[PDB]
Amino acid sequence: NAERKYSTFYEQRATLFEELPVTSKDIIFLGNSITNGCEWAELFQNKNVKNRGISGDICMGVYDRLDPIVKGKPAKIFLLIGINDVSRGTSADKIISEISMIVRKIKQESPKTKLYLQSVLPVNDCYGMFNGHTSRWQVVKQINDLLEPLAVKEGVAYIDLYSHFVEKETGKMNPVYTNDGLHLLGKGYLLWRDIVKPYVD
């Protein structure tokens, strides 16, 4: 029942994205529900910023829908993905392998697009929700420890969101940014805004 809801919602969002043109001026935020949840053009006060987030999405789900994005040759793509693969038990190594597939596809199809790999955000089990995600809070840092070298190896930028969202004493997401331990409150998007607005300018 729950997997059918993601699958149908993914098809809803993906088929809408196929109908919306991407141009060389565009700045794309690409990812899962943490990307889906924002009004990106309003947050940055920039009409060229576009939401390509899909709640529930995974690395290969992003990979499979790159074409209606990269064929428009967008100016920038900000990628945040992986935590739903964590909740499926997928290893950090395999997740990094699949992000590297996304990086190589974007570079091959739209070499002038500037690509930004955003650190997987921390999670927190304190609210007792999304246990498949939050019980694996330690995998976030395993991914990010591998994700930053991948960025420099592929010649793309790495944005460290994690270190601002995390509680350094616990390795988990600071509750001020979330009400379920996984997704962001408005205050969380303001922090994200302050970190990445220089890259969007």
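Each residue number is its position in the shown sequence, starting from 1.
If you average the C-alpha B-factors over 51-59 and over 168-176, the higher value belongs to 168-176. Two stretches are in play, 20-28 and 179-187, and the higher mean C-alpha B-factor belongs to 20-28. Remark: of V156, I143, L66, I34, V156 shows the highest value [criterion: C-alpha B-factor in the PDB entry]. For the set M129, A75, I83, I95, the PDB entry assigns the largest Cα B-factor to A75. When the CA B factors of the chain's modelled residues are split into thirds, the value for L121 lands in the middle one. Annotation for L79: C-alpha temperature factor in the lowest third relative to the rest of the modelled chain, per the entry.
Looking at the C-alpha B-factors along this chain, the one for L43 belongs to the middle third.
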